[PDB]
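The structure appears right after this line, and notes come after that.
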Amino acid sequence: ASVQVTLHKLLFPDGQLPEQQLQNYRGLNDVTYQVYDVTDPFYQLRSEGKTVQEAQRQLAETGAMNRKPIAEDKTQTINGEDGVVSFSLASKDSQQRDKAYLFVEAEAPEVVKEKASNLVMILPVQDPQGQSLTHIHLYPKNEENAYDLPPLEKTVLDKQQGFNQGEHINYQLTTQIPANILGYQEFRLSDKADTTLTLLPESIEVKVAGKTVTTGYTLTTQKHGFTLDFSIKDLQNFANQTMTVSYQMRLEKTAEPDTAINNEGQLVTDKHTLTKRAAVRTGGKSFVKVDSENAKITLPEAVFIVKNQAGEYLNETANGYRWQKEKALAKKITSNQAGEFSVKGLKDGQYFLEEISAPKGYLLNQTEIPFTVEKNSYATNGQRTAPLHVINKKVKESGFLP
Ligand code: NA
Ligand code: NA
Ligand code: NA
Ligand code: NA
């Protein structure tokens, strides 16, 4: 003749166990309980004059010492209830005496700060009306460690020189999967960027500890951002580990130099929304074509191409700029009616103008003209930075000889 004893292990947040004083607990798996038969010491104490309660409290303290447990099992999910473990136990002994059992929480997950007290059960267990129960339900209560809300970092890789229009910019969102992640009901990472950044959808990789995360999320992408929705149950595998989301965005040709181009990362849980900003920039340089004798004389129709230190030529593609070796594919910049022209959408560096076509009445000089792109070489908060003078030498004493 047996009793079934079911333990429903509960976990409460730090400082929130009911003794410490709604819907703020969860079942906890992987808690090992041992059961000890304490029938003998129970009846000894009773014969010695101790009350039932007195003996039970003593047994709770000393009953496991020098006694091998008669059963051992772990809590697990049973019928969609987490933290369950059940034991089938004899009601009576050889002498026909109602038995007594001690339940000890032997080992428990890292999240537990304080284990449940030992439970001593003296059979028969009765309802308030004195009817013996065959199925007995206990609710041992664990206290959880204090844990922070998960952090967020948005990071742009190698961003100190800015970026060329067209360049594939590498980003990372980093967070820490908390130890108490099973306590959460929602975990979402998202990126949203200015319209001057276009997301490369196939670039999105989720890694934990350097290994790719295969499943456990949904992904939704737009032109300028995305959303990762994570299964809470599947995050448990990554508890206490760093998760890194890698992706790329292309900087578009609409990207103005010396403007903050913004993105915003977001971590959304049921508890809080955390937001992190990052920014990238591109660079430019303004020029004015002038006469070598009178700088107030500005010259239209001067035509230039742009070279880098390797001698490669700036080419314009559909989606940005590229450094290539064919001079025929070089983008052509032409001085306008006020002699003005600019180069926009370059990362910091040393570049050169090469004149390919001179204004009417001026000498062609093909000598490379050095210029520097750096923060604020184009503008400062909307205000344009003064143009570099490019001097042209007039055809010398023209109209004197045929
Ligand atoms: Na937490
Ligand atoms: Na990347
Ligand atoms: Na997309
Ligand atoms: Na400028």
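For what it's worth, the working numbering labels the leading residue of the sequence shown as 80, then goes sequentially. Beta carbons: idealized from backbone N, C-alpha and C, even for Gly.
{"query": "Contact set for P438: own chain, Cβ-Cβ below 8 Å, skip 5 residues either direction", "result": "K368, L378, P379, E380, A381, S414 and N471"}
{"query": "Cβ contact check for the region 138–150 and the region 84–93: 3 or more pairs under 8 Å", "result": "no"}
{"query": "Member of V163, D177, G304 and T111 whose CA lies at the smallest distance from the CA of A80", "result": "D177"}
{"query": "Sheet register partners of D270 (DSSP bridge)", "result": "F305 and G344"}
{"query": "Residue environment, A195, which counts as buried when at least 16 other CB atoms sit within 10 Å", "result": "buried"}
{"query": "Exercise answer, beta-carbon shell around ligand 2 heavy atoms below 6 Å", "result": "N249, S282, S325 and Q327"}
{"query": "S196, DSSP secondary structure in three states", "result": "coil"}
{"query": "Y226: CB within 8 Å of a non-hydrogen atom of ligand 1", "result": "yes"}
{"query": "heavy atom of ligand 3 below 8 Å from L278 C-beta", "result": "yes"}
{"query": "Where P280 falls: helix, strand or coil (DSSP)", "result": "strand"}
{"query": "Beta-carbon contacts of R146 that lie in its chain and below 7 Å, excluding the five residues immediately before and after", "result": "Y115"}
{"query": "Beta-carbon separation (whole angstroms), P466 vs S365, contact threshold 8 Å", "result": "4 Å"}
{"query": "Whole-angstrom C-beta distance between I340 and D270, which should lie under 8 Å", "result": "In fact, because the Cβ distance is near 13 Å, the residues do not count as touching under 8 Å."}
{"query": "Simplified DSSP state of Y430, which is helix, strand or coil", "result": "strand"}
{"query": "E433 versus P280 - alpha carbon distance", "result": "38 Å"}
{"query": "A139 CB to nearest heavy atom of ligand 1 below 8 Å", "result": "no"}
{"query": "Under the three-state DSSP convention, the category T451 falls into", "result": "strand"}
{"query": "Neighbourhood of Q315 by C-beta, 8 Å cutoff - its chain only, sequence neighbours within 5 removed", "result": "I260 and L261"}
{"query": "Three-state secondary structure (DSSP) of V190", "result": "coil"}
{"query": "Burial state of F383, where buried means 16 or more other Cβ atoms lie within 10 Å", "result": "buried"}
{"query": "Any non-hydrogen atom of ligand 3 within 8 Å of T300 CB", "result": "yes"}
{"query": "Separation of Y226 from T321, as counted between CA atoms", "result": "15 Å"}
{"query": "Rounded C-alpha distance that separates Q135 from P207", "result": "19 Å"}
{"query": "Pair within 9 Å by beta-carbon distance, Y457 and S421", "result": "yes"}
{"query": "Distance between beta carbons of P230 and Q255, contact taken as under 8 Å", "result": "6 Å"}
{"query": "Own chain partners of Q416 with C-beta closer than 6 Å, once the 5 adjacent residues on each side are dropped", "result": "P379"}
{"query": "Under 9 Å between C-beta atoms of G428 and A334", "result": "no"}
{"query": "According to DSSP, residues forming a beta bridge with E160", "result": "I157"}
{"query": "Straight-line Cα distance separating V287 from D337", "result": "35 Å"}
{"query": "Pocket of ligand 4 defined by Cβ to heavy atom distance under 5 Å", "result": "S365, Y457, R463 and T464"}
{"query": "8 Å contact criterion, which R463 and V347 should meet: CB distance rounded", "result": "Contact flag wrong, Cβ pair sits at about 40 Å."}
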